[PDB]
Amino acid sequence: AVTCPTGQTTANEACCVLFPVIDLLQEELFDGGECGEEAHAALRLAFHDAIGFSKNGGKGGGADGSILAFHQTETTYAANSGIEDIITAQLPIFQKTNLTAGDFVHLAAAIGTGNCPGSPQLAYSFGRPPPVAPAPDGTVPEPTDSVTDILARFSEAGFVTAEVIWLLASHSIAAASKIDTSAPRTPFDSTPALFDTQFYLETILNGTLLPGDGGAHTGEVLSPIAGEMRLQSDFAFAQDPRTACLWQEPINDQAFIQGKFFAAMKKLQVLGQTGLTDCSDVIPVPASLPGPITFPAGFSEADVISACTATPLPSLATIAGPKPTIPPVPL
C-alpha cells in the first residue's frame, strides 16, 4: 500500500527507509550477499544483544542494540569474547544510517541469515527506541554451563526448553574462533554456508577427534570430523534426557526447522520491545537448499549415538570418499 524512492513496494512508508540500508549491508558487510563470517556473526550478535533481558528486570533492555551502543562496556565480559570483532565491522555501517542500534542489529541479522540457503524468511519489526544502558555481565550463556543453568537463563528471558533447541539451528551456520585460538572460524557443521539440519545430525555422531592443535580447549568436546568443532553444551543438549529427542526431530526435516526457527527468532528479536511496525516484506526470500542432507563422506547410521531410541532416525544417503576435513569459514 505504497511505493518508495528506490522503487520497491511495501505495506507502510516507514519500511521504505530500509531498502538503502539493506543494500549497504549486502555491499559493505556481507561481501555481496554471502553466507560468510559476517552473516554468521550478525546472527550471533542479535542473540547476545537480545538475551541481555529478564522478564523480572535487572538484566538489560533486551533486543535494544545495547550491545552495539554500549559496546565498550559489553565487549569486556568473558561470555562476549569475539563480539568486539563483529562490533568493529558493524559500527561504521551503522553510522551511515539514522536507525536506532536495535533496529540496525536485528536487521543485519535478518538480512545476513537470509544470505544462507535453507533459512526461513525472517520477520523484521522496527521502531525500537535507543537502548538506555548496557546489559550487566553474566546474561549470556557459556558452553561450559550446565544444561540446567542454560535452560534457566532462557526461561528468565521467556523461552521454554524446546525453543532453546530450535534457536540452536543457528549453529548450522556457525563457527568458533575464541575456543581454539590457533584455529579461528572452525564450523560446528560441514556446511556453514547452508542453513540445513546437518548440524543436528553431525552433533550425534560419535566424538573421536579434536581439531586444530588436537588439544582439549575448554568449551569443546570431541568432534566426529576433522576441521569441525563440537561445543560441550551442544553435545550436552544432544545427549541430555530432557532434550535429546527434540534434538533429533529436525534432522532432514527442513520445513520443521524453518517454522520453529522463524517463530523463536520472531520473539527473540523483540525482547523488551513494544510498539513496533511490521516490515517483513523488505526482507529478501532466501534461496532453497539444492538438495536434502546427506551423511558426510565416510559416515553412516553406524556412527550415531541415539539418546532418542524412541524415534527411528530417518534414512539418508551417504556420499562416499574418505572421511573429509572441513576448512575454516573464509576471511
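One-based numbering along the sequence shown.
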- [ ] Could you check the entry and say whether 118-126 or 207-215 has the higher mean CA B-factor?
- [x] 207-215
Task: Given 61-69 and 26-34, the range whose Cα B-factors average higher in the PDB entry - done: 26-34
- [ ] Return the residue from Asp234, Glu228, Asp145, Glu163 that has the highest Cα B-factor in the entry.
- [x] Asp145
Task: Top residue by Cα temperature factor, when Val270, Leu43, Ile51, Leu289 are compared in the entry - done: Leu289
Task: B-factor third for the C-alpha atom of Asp85 within its chain - done: lowest
Open item on the list: Please say which third, lowest, middle or highest, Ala109 falls into when its CA temperature factor is compared across its chain.
Closed with: lowest
Open item on the list: Per the entry's values, where does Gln248 land by CA temperature factor relative to the rest of its chain, in the lowest, middle or highest third?
Closed with: middle
Task: Chain third (lowest, middle, highest) by recorded CA B-factor, residue given as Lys178 - done: middle
TODO: For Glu220, return the chain-relative third of its C-alpha B-factor as stated in the PDB record: lowest, middle or highest.
DONE: middle
